[PDB]
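This is final.cif. It holds mmCIF, N, CA, C and O atoms.
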data_start
loop_
_atom_site.label_atom_id
_atom_site.label_comp_id
_atom_site.auth_asym_id
_atom_site.auth_seq_id
_atom_site.Cartn_x
_atom_site.Cartn_y
_atom_site.Cartn_z
N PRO F 331 85.66 -4.23 25.63
CA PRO F 331 84.37 -3.69 25.21
C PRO F 331 83.52 -4.44 24.19
O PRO F 331 82.36 -4.04 24.02
N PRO F 332 84.04 -5.49 23.47
CA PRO F 332 82.96 -6.24 22.77
C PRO F 332 82.30 -7.15 23.81
O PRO F 332 82.94 -7.53 24.83
N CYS F 333 81.07 -7.53 23.58
CA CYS F 333 80.36 -8.36 24.58
C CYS F 333 80.99 -9.77 24.69
O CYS F 333 81.03 -10.36 25.79
N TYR F 334 81.34 -10.31 23.53
CA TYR F 334 82.01 -11.63 23.45
C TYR F 334 83.38 -11.39 22.87
O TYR F 334 83.57 -10.45 22.11
N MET F 335 84.34 -12.26 23.21
CA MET F 335 85.74 -12.11 22.77
C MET F 335 85.73 -12.10 21.24
O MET F 335 85.04 -12.90 20.61
N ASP F 336 86.45 -11.14 20.67
CA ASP F 336 86.57 -11.03 19.22
C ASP F 336 87.64 -12.08 18.78
O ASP F 336 88.72 -12.26 19.43
N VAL F 337 87.33 -12.80 17.74
CA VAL F 337 88.27 -13.75 17.20
C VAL F 337 89.15 -13.02 16.14
O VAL F 337 88.63 -12.65 15.08
N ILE F 338 90.44 -12.81 16.43
CA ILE F 338 91.37 -12.28 15.41
C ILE F 338 91.40 -13.16 14.14
O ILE F 338 91.28 -12.65 13.03
N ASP W 667 73.66 -34.65 25.98
CA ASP W 667 73.23 -34.36 27.39
C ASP W 667 74.48 -34.15 28.27
O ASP W 667 75.22 -35.10 28.58
N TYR W 668 74.69 -32.91 28.68
CA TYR W 668 75.90 -32.50 29.41
C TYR W 668 75.62 -32.22 30.84
O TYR W 668 76.48 -31.67 31.54
N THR W 669 74.42 -32.55 31.30
CA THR W 669 74.00 -32.13 32.65
C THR W 669 74.84 -32.78 33.74
O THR W 669 74.93 -32.26 34.83
N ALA W 670 75.48 -33.90 33.43
CA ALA W 670 76.38 -34.57 34.34
C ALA W 670 77.70 -33.82 34.57
O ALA W 670 78.30 -33.97 35.63
N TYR W 671 78.14 -32.99 33.61
CA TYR W 671 79.45 -32.39 33.70
C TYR W 671 79.47 -31.20 34.66
O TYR W 671 78.60 -30.32 34.58
N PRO W 672 80.49 -31.14 35.54
CA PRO W 672 80.62 -30.05 36.53
C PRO W 672 80.82 -28.65 35.93
O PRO W 672 80.63 -27.64 36.64
N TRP W 673 81.17 -28.58 34.65
CA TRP W 673 81.31 -27.29 33.93
C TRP W 673 80.05 -26.86 33.18
O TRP W 673 80.02 -25.75 32.59
N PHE W 674 79.03 -27.72 33.15
CA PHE W 674 77.83 -27.41 32.41
C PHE W 674 76.77 -26.71 33.29
O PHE W 674 76.32 -27.25 34.28
N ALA W 675 76.40 -25.52 32.87
CA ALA W 675 75.48 -24.64 33.62
C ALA W 675 74.07 -24.58 33.05
O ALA W 675 73.23 -23.85 33.58
N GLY W 676 73.79 -25.30 31.97
CA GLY W 676 72.46 -25.27 31.40
C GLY W 676 72.14 -23.88 30.86
O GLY W 676 73.05 -23.19 30.36
N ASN W 677 70.89 -23.47 31.02
CA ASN W 677 70.35 -22.22 30.45
C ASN W 677 70.65 -20.97 31.28
O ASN W 677 69.79 -20.13 31.45
N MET W 678 71.85 -20.86 31.83
CA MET W 678 72.18 -19.72 32.72
C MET W 678 72.43 -18.50 31.83
O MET W 678 73.10 -18.66 30.82
N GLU W 679 71.91 -17.31 32.17
CA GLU W 679 72.15 -16.11 31.32
C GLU W 679 73.35 -15.25 31.80
O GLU W 679 73.98 -15.60 32.79
N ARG W 680 73.69 -14.19 31.07
CA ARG W 680 74.96 -13.52 31.30
C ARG W 680 75.02 -12.95 32.69
O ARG W 680 76.03 -13.11 33.33
N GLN W 681 73.96 -12.30 33.14
CA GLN W 681 73.99 -11.63 34.45
C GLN W 681 74.27 -12.65 35.59
O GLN W 681 75.12 -12.41 36.46
N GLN W 682 73.57 -13.77 35.55
CA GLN W 682 73.78 -14.80 36.57
C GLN W 682 75.17 -15.29 36.53
O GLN W 682 75.81 -15.49 37.56
N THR W 683 75.68 -15.52 35.32
CA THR W 683 77.01 -16.08 35.14
C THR W 683 78.09 -15.12 35.67
O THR W 683 79.02 -15.55 36.36
N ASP W 684 77.98 -13.84 35.31
CA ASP W 684 78.92 -12.83 35.79
C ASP W 684 78.90 -12.76 37.31
O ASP W 684 79.97 -12.78 37.98
N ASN W 685 77.68 -12.68 37.87
CA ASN W 685 77.52 -12.59 39.30
C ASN W 685 78.13 -13.79 40.00
O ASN W 685 78.65 -13.68 41.07
N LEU W 686 78.09 -14.94 39.37
CA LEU W 686 78.63 -16.14 39.96
C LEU W 686 80.16 -16.28 39.87
O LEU W 686 80.83 -16.52 40.89
N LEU W 687 80.71 -16.13 38.66
CA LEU W 687 82.13 -16.30 38.44
C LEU W 687 83.02 -15.17 38.98
O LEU W 687 84.23 -15.39 39.20
N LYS W 688 82.46 -13.96 39.14
CA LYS W 688 83.27 -12.80 39.49
C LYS W 688 83.94 -13.05 40.87
O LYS W 688 84.97 -12.52 41.14
N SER W 689 83.31 -13.87 41.72
CA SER W 689 83.86 -14.15 43.04
C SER W 689 84.84 -15.34 43.04
O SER W 689 85.38 -15.66 44.09
N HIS W 690 85.04 -15.99 41.89
CA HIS W 690 85.91 -17.20 41.77
C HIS W 690 87.31 -16.93 41.27
O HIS W 690 87.60 -15.84 40.76
N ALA W 691 88.17 -17.95 41.38
CA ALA W 691 89.56 -17.82 40.96
C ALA W 691 89.71 -17.78 39.41
O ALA W 691 88.89 -18.35 38.66
N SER W 692 90.78 -17.09 38.97
CA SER W 692 91.12 -17.00 37.55
C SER W 692 91.21 -18.42 37.02
O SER W 692 91.80 -19.26 37.68
N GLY W 693 90.56 -18.71 35.88
CA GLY W 693 90.53 -20.07 35.31
C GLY W 693 89.25 -20.85 35.58
O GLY W 693 89.02 -21.91 34.98
N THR W 694 88.39 -20.30 36.46
CA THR W 694 87.07 -20.89 36.69
C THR W 694 86.15 -20.64 35.48
O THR W 694 86.08 -19.51 35.00
N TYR W 695 85.44 -21.68 35.03
CA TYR W 695 84.67 -21.60 33.80
C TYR W 695 83.41 -22.42 33.82
O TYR W 695 83.20 -23.32 34.67
N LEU W 696 82.55 -22.06 32.91
CA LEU W 696 81.32 -22.79 32.64
C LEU W 696 80.94 -22.71 31.17
O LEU W 696 81.41 -21.87 30.48
N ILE W 697 80.19 -23.69 30.70
CA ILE W 697 79.51 -23.63 29.42
C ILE W 697 78.04 -23.47 29.69
O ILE W 697 77.45 -24.20 30.53
N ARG W 698 77.44 -22.50 29.00
CA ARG W 698 76.02 -22.24 29.16
C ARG W 698 75.33 -22.25 27.78
O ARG W 698 75.97 -21.97 26.76
N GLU W 699 74.06 -22.63 27.79
CA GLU W 699 73.21 -22.61 26.64
C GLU W 699 72.57 -21.28 26.41
O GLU W 699 72.16 -20.58 27.35
N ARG W 700 72.40 -21.00 25.11
CA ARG W 700 71.77 -19.79 24.58
C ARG W 700 70.66 -20.25 23.60
O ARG W 700 70.84 -20.24 22.37
N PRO W 701 69.51 -20.72 24.13
CA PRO W 701 68.52 -21.40 23.29
C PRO W 701 68.04 -20.59 22.07
O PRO W 701 67.74 -21.17 21.03
N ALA W 702 67.98 -19.26 22.21
CA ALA W 702 67.40 -18.38 21.19
C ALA W 702 68.28 -18.23 19.96
O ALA W 702 67.77 -17.98 18.87
N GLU W 703 69.59 -18.43 20.14
CA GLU W 703 70.59 -17.85 19.24
C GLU W 703 71.20 -18.82 18.24
O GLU W 703 71.10 -20.04 18.40
N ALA W 704 71.86 -18.25 17.23
CA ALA W 704 72.55 -19.03 16.18
C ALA W 704 73.82 -19.68 16.72
O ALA W 704 74.35 -20.64 16.14
N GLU W 705 74.33 -19.14 17.83
CA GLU W 705 75.44 -19.75 18.53
C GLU W 705 74.83 -20.19 19.86
O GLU W 705 74.57 -19.34 20.77
N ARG W 706 74.51 -21.47 19.98
CA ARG W 706 73.67 -21.89 21.10
C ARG W 706 74.41 -22.21 22.41
O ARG W 706 73.75 -22.44 23.42
N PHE W 707 75.74 -22.15 22.41
CA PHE W 707 76.51 -22.15 23.64
C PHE W 707 77.46 -20.97 23.77
O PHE W 707 77.89 -20.36 22.77
N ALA W 708 77.81 -20.68 25.01
CA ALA W 708 78.90 -19.79 25.32
C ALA W 708 79.78 -20.42 26.38
O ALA W 708 79.31 -21.16 27.22
N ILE W 709 81.08 -20.11 26.31
CA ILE W 709 82.00 -20.38 27.38
C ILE W 709 82.20 -19.09 28.13
O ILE W 709 82.41 -17.98 27.53
N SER W 710 82.04 -19.19 29.44
CA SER W 710 82.35 -18.07 30.30
C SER W 710 83.48 -18.44 31.29
O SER W 710 83.42 -19.47 31.94
N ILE W 711 84.43 -17.52 31.45
CA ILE W 711 85.64 -17.77 32.21
C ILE W 711 86.13 -16.54 32.95
O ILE W 711 86.16 -15.42 32.43
N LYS W 712 86.49 -16.76 34.22
CA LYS W 712 87.13 -15.73 35.03
C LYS W 712 88.57 -15.64 34.60
O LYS W 712 89.31 -16.66 34.58
N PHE W 713 89.02 -14.44 34.28
CA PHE W 713 90.44 -14.27 33.96
C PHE W 713 90.86 -12.88 34.35
O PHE W 713 90.20 -11.91 34.00
N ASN W 714 91.92 -12.78 35.15
CA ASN W 714 92.46 -11.49 35.60
C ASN W 714 91.41 -10.38 35.88
O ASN W 714 91.34 -9.33 35.20
N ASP W 715 90.60 -10.65 36.90
CA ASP W 715 89.62 -9.72 37.46
C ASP W 715 88.41 -9.43 36.59
O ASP W 715 87.64 -8.54 36.93
N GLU W 716 88.21 -10.21 35.53
CA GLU W 716 87.08 -10.04 34.65
C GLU W 716 86.47 -11.38 34.35
O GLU W 716 87.10 -12.42 34.46
N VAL W 717 85.22 -11.36 33.95
CA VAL W 717 84.58 -12.55 33.44
C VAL W 717 84.46 -12.35 31.93
O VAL W 717 83.80 -11.39 31.45
N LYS W 718 85.11 -13.24 31.17
CA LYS W 718 85.11 -13.16 29.71
C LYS W 718 84.13 -14.18 29.14
O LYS W 718 83.88 -15.20 29.74
N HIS W 719 83.59 -13.89 27.97
CA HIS W 719 82.60 -14.72 27.35
C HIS W 719 82.96 -14.95 25.88
O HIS W 719 83.21 -14.01 25.11
N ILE W 720 82.81 -16.19 25.46
CA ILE W 720 83.17 -16.63 24.13
C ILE W 720 82.01 -17.43 23.50
O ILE W 720 81.53 -18.39 24.07
N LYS W 721 81.63 -17.04 22.31
CA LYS W 721 80.58 -17.72 21.56
C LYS W 721 81.06 -19.03 21.03
O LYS W 721 82.23 -19.12 20.51
N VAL W 722 80.18 -20.03 21.11
CA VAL W 722 80.47 -21.36 20.58
C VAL W 722 79.58 -21.47 19.38
O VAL W 722 78.35 -21.34 19.49
N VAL W 723 80.20 -21.64 18.20
CA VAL W 723 79.45 -21.66 16.93
C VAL W 723 79.31 -23.11 16.41
O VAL W 723 80.25 -23.89 16.47
N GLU W 724 78.13 -23.46 15.90
CA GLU W 724 77.95 -24.68 15.13
C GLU W 724 77.67 -24.29 13.71
O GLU W 724 76.73 -23.53 13.44
N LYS W 725 78.50 -24.80 12.81
CA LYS W 725 78.42 -24.45 11.40
C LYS W 725 78.80 -25.69 10.61
O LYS W 725 79.83 -26.32 10.91
N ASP W 726 77.97 -26.05 9.64
CA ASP W 726 78.15 -27.29 8.87
C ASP W 726 78.17 -28.47 9.87
O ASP W 726 77.37 -28.51 10.78
N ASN W 727 79.13 -29.39 9.74
CA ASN W 727 79.18 -30.58 10.61
C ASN W 727 79.92 -30.34 11.96
O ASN W 727 80.06 -31.27 12.77
N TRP W 728 80.38 -29.11 12.23
CA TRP W 728 81.39 -28.92 13.29
C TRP W 728 81.01 -27.84 14.28
O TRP W 728 80.06 -27.07 14.06
N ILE W 729 81.75 -27.81 15.38
CA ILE W 729 81.52 -26.87 16.43
C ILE W 729 82.87 -26.26 16.83
O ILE W 729 83.91 -26.95 16.81
N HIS W 730 82.87 -24.95 17.14
CA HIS W 730 84.17 -24.24 17.34
C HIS W 730 84.00 -22.92 18.04
O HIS W 730 82.93 -22.32 18.00
N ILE W 731 85.07 -22.44 18.65
CA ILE W 731 85.13 -21.02 19.09
C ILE W 731 85.94 -20.20 18.12
O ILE W 731 85.77 -19.00 18.06
N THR W 732 86.79 -20.85 17.30
CA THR W 732 87.36 -20.22 16.14
C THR W 732 87.33 -21.20 14.98
O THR W 732 87.57 -22.39 15.17
N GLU W 733 87.05 -20.69 13.78
CA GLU W 733 87.03 -21.55 12.56
C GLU W 733 88.36 -22.21 12.26
O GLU W 733 88.38 -23.16 11.50
N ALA W 734 89.45 -21.74 12.87
CA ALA W 734 90.78 -22.34 12.72
C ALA W 734 90.98 -23.67 13.48
O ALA W 734 91.93 -24.39 13.20
N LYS W 735 90.06 -24.02 14.38
CA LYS W 735 90.17 -25.25 15.16
C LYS W 735 88.76 -25.81 15.37
O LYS W 735 88.01 -25.33 16.24
N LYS W 736 88.41 -26.83 14.60
CA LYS W 736 87.03 -27.29 14.52
C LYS W 736 86.93 -28.66 15.15
O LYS W 736 87.85 -29.49 14.98
N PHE W 737 85.82 -28.90 15.85
CA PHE W 737 85.61 -30.15 16.57
C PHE W 737 84.30 -30.84 16.16
O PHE W 737 83.39 -30.18 15.64
N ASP W 738 84.20 -32.14 16.42
CA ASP W 738 83.02 -32.93 16.03
C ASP W 738 81.94 -32.88 17.13
O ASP W 738 80.83 -33.34 16.93
N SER W 739 82.27 -32.31 18.28
CA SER W 739 81.33 -32.27 19.41
C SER W 739 81.76 -31.27 20.46
O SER W 739 82.96 -30.91 20.60
N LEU W 740 80.77 -30.80 21.22
CA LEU W 740 81.02 -29.87 22.31
C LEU W 740 81.98 -30.49 23.31
O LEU W 740 82.90 -29.83 23.76
N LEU W 741 81.81 -31.78 23.64
CA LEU W 741 82.72 -32.42 24.63
C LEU W 741 84.23 -32.34 24.20
O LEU W 741 85.11 -31.96 24.99
N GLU W 742 84.49 -32.65 22.94
CA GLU W 742 85.85 -32.60 22.36
C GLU W 742 86.41 -31.21 22.41
O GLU W 742 87.60 -31.00 22.76
N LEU W 743 85.57 -30.23 22.11
CA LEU W 743 86.01 -28.87 22.17
C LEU W 743 86.39 -28.49 23.62
O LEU W 743 87.47 -27.91 23.88
N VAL W 744 85.50 -28.79 24.57
CA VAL W 744 85.78 -28.47 25.94
C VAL W 744 87.07 -29.18 26.44
O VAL W 744 87.93 -28.56 27.07
N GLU W 745 87.20 -30.45 26.13
CA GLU W 745 88.36 -31.22 26.57
C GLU W 745 89.67 -30.71 25.96
O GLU W 745 90.70 -30.66 26.63
N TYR W 746 89.61 -30.23 24.70
CA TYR W 746 90.79 -29.57 24.08
C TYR W 746 91.22 -28.38 24.94
O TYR W 746 92.37 -28.31 25.36
N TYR W 747 90.32 -27.43 25.23
CA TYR W 747 90.74 -26.24 25.94
C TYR W 747 90.96 -26.41 27.46
O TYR W 747 91.56 -25.52 28.12
N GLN W 748 90.55 -27.55 27.98
CA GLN W 748 90.96 -27.96 29.31
C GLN W 748 92.48 -28.06 29.42
O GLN W 748 93.07 -27.78 30.51
N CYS W 749 93.13 -28.54 28.34
CA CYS W 749 94.57 -28.75 28.38
C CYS W 749 95.43 -27.80 27.49
O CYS W 749 96.66 -27.76 27.66
N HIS W 750 94.79 -27.07 26.57
CA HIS W 750 95.46 -26.13 25.67
C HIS W 750 94.95 -24.76 25.94
O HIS W 750 93.74 -24.54 25.88
N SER W 751 95.86 -23.83 26.21
CA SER W 751 95.50 -22.48 26.57
C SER W 751 94.67 -21.84 25.49
O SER W 751 94.91 -22.05 24.27
N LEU W 752 93.72 -20.98 25.93
CA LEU W 752 92.88 -20.22 25.02
C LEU W 752 93.70 -19.22 24.24
O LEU W 752 93.24 -18.66 23.23
N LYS W 753 94.92 -18.96 24.67
CA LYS W 753 95.70 -17.96 24.01
C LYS W 753 96.02 -18.30 22.55
O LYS W 753 96.35 -17.44 21.83
N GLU W 754 95.94 -19.57 22.15
CA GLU W 754 96.20 -19.91 20.74
C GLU W 754 95.13 -19.27 19.83
O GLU W 754 95.39 -19.09 18.63
N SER W 755 93.95 -18.92 20.37
CA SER W 755 93.00 -18.15 19.61
C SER W 755 92.59 -16.77 20.13
O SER W 755 92.08 -15.97 19.36
N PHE W 756 92.89 -16.47 21.40
CA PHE W 756 92.65 -15.14 21.98
C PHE W 756 93.86 -14.80 22.77
O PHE W 756 94.02 -15.29 23.86
N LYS W 757 94.76 -13.99 22.24
CA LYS W 757 95.75 -13.38 23.07
C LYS W 757 94.93 -12.44 24.00
O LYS W 757 93.80 -11.98 23.65
N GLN W 758 95.46 -12.19 25.18
CA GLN W 758 94.69 -11.55 26.22
C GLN W 758 93.82 -12.58 26.99
O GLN W 758 93.12 -12.21 27.95
N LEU W 759 93.86 -13.87 26.61
CA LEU W 759 93.21 -14.88 27.43
C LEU W 759 94.08 -16.15 27.59
O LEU W 759 93.75 -17.25 27.13
N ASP W 760 95.19 -15.98 28.26
CA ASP W 760 96.12 -17.07 28.43
C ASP W 760 95.78 -17.88 29.66
O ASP W 760 96.43 -17.75 30.69
N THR W 761 94.77 -18.72 29.51
CA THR W 761 94.42 -19.71 30.53
C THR W 761 93.78 -20.87 29.80
O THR W 761 93.14 -20.69 28.76
N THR W 762 93.94 -22.05 30.35
CA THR W 762 93.07 -23.16 30.05
C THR W 762 91.71 -23.02 30.75
O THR W 762 91.53 -22.15 31.64
N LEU W 763 90.80 -23.90 30.36
CA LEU W 763 89.58 -24.18 31.10
C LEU W 763 89.98 -25.04 32.30
O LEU W 763 90.02 -26.29 32.26
N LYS W 764 90.31 -24.36 33.37
CA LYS W 764 91.08 -24.94 34.46
C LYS W 764 90.20 -25.49 35.59
O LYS W 764 90.42 -26.58 36.04
N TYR W 765 89.18 -24.75 36.04
CA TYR W 765 88.32 -25.19 37.17
C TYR W 765 86.85 -25.13 36.80
O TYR W 765 86.31 -24.04 36.62
N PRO W 766 86.17 -26.29 36.68
CA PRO W 766 84.73 -26.22 36.43
C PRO W 766 84.02 -25.50 37.57
O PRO W 766 84.32 -25.76 38.75
N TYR W 767 83.07 -24.62 37.25
CA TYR W 767 82.48 -23.79 38.30
C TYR W 767 81.85 -24.58 39.46
O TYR W 767 81.79 -24.07 40.54
N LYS W 768 81.34 -25.78 39.22
CA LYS W 768 80.75 -26.56 40.33
C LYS W 768 81.78 -27.27 41.21
O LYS W 768 81.47 -27.71 42.34
N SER W 769 83.00 -27.42 40.71
CA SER W 769 84.09 -27.97 41.54
C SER W 769 84.49 -26.95 42.62
O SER W 769 84.88 -27.33 43.72
#

For the file at hand, write its structure as structure tokens.
Amino acid sequence: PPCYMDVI
Amino acid sequence: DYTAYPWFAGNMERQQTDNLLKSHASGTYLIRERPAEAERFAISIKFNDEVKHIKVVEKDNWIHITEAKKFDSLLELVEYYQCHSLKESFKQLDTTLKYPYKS
């Protein structure tokens, strides 16, 4: 669900 | 100038990119420009029935998809992830940049 991959 | 590279899609937007990659094999990818934005490229990749998108950031002298691994150029960054799985920075995305979309 975020538009772009979330960076941990 | 990346127009020669088979993975370079130019100014393609999200809808076009999704519509294009969704029919391709897992590992198919492209880099696209985002002229308006502070992150002027994105990597888009088919992976396990979805098309995923990753922001490419330019900050100070370097370019990166994560601040933990910084490159001097977009080409170097792309060539790194051609051979090193994205999973080192995104678990849930264990693939290399395996097939350029024009191939």

Query raised in the report: Residues at most 10 Å from residue 732 (chain W), counting only C-alpha atoms, excluding those fewer than 5 positions away in the same chain, as a list in words?
Result: residues 336, 337 and 338 of chain F; 720, 721, 722, 723, 754, 755 and 756 of chain W

Query - Target residues per the PyMOL selection byres ((chain W and resi 705-718) around 5), formatted as a ChimeraX atom specification - result: /W:691-701,703-704,719-723

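Of note, CA of residue 331 (chain F) and CA of residue 683 (chain W) are spaced 17.5 Å apart.
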
Requested in this report: Using all atoms listed in the file, select each residue of chain F with any atom at most 4.5 Å away from an atom of chain W, and give the selection as a PyMOL selection string.
Outcome: chain F and resi 333-335

Query raised in the report: Taking (83.2, -30.7, 13.0) in the file's coordinates, which residues come within 4.5 Å, counting only N, CA, C and O atoms, written as a PyMOL selection string?
Result: chain W and resi 727-729+737-738

Report task. Could you state which residues are captured by the PyMOL selection byres (((chain W and resi 768 and name CA) around 8) and name CA) in this file, as a PyMOL selection string? Result -> chain W and resi 672-673+766-767+769

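Here the strand (DSSP E or B) residues in region 702-768 of chain W, by DSSP on the backbone, are residues 707, 708, 709, 710, 711, 712, 713, 716, 717, 718, 719, 720, 721, 722, 723, 724, 725, 728, 729, 730, 731, 732, 735, 736, 737, 765 and 766 of chain W.
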
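Our summary of the geometry notes that CA of residue 747 (chain W) is positioned 16.2 Å from atom N of residue 671 (chain W).
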
Report task. Would you please extract all alpha helix (DSSP H) residues from region 678-762 of chain W, as assigned by DSSP on the backbone, and give them as a PyMOL selection string? Result -> chain W and resi 680-687+740-749

**Report entry** atom N of residue 739 (chain W) to atom O of residue 687 (chain W), straight-line distance in Å
**Finding:** 27.0 Å

Query raised in the report: Residues at most 6 Å from residue 761 (chain W), counting all atoms listed in the file, excluding those fewer than 3 positions away in the same chain, as number ranges by chain?
Result: W: 747, 750-753
